[PDB]
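Only one chain is shown below, in structure tokens, and it's the form described as "resting conformation" in its entry title.
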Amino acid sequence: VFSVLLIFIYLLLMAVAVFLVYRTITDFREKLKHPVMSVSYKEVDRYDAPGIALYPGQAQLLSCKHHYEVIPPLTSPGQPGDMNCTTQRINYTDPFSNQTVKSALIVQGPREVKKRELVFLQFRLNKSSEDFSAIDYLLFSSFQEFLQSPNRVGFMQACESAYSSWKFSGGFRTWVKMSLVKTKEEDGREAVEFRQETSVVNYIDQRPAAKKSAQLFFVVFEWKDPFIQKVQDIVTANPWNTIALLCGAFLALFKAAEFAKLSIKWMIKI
């Protein structure tokens, strides 16, 4: 009889609708689980002067100077002189140890990325009773933000956790190219971080044998390129799109069901 076939068609269509609802729910759940990553790049005419927190310890800073695209040859390596850059010395308790006080030398970083500005730092360590001598350094976004802060100690403690710290060793020239990566936390706040490319070059020590005891650290900081990399977690689970899909599919199924009923009626009539 036609009635049983029509009822079976209705049941099949309702089962298809239920399965489609299940599939849409599972897809929405899956897309909530895994947001997709999108990467863009931002051109900058001038970077904001980064803060370079150096942790020399007993290593005295011989020289710190800004250069453009090239470093003039050293007049006399291992000798103090030519310190033209803004520096701030800070003492702050380590956020993790709570016992070791860190003394940091904050140096204002380069700004003209287009002009290939670099900052060159020369340190000397004299008679260190410790093999594997290296200087720690941390990079943060703004030196001015460090200056115009009410709690510089708290700012440095926050930097200890927000940013990563690297090292540069003596007997080398360490060339550091910096890059800014800003990650959107889809909450109105963006986390900025530094990615640094390091190249070490041997230092040709032409000092007298007596002066070989003191060891020299050379480090250069510049920007890799005038591109800030922005990383955003795009959500592909839109409830309105899902409900629009469901509504359209339900309307299609209802229209198909009533077309089937009309076709059955037409077959019965003729």
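Residue indices: 1-based, along the sequence shown. In this text, rigid core is short for the largest set of C-alphas that superpose within 1.5 Å between two forms.
Here the subject shifts to the form described as "activated conformation" in its entry title, a form of this protein not shown in this document.
- Relative to the superposed core, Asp48 shifts its CA atom by less than 2 Å between this form and the one not shown.
- Relative to the superposed rigid core, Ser169 undergoes a CA displacement smaller than 2 Å between this form and the one not shown.
- Once both forms are fitted on their core, a CA shift of 2 Å or more is seen for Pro35 between this form and the one not shown.
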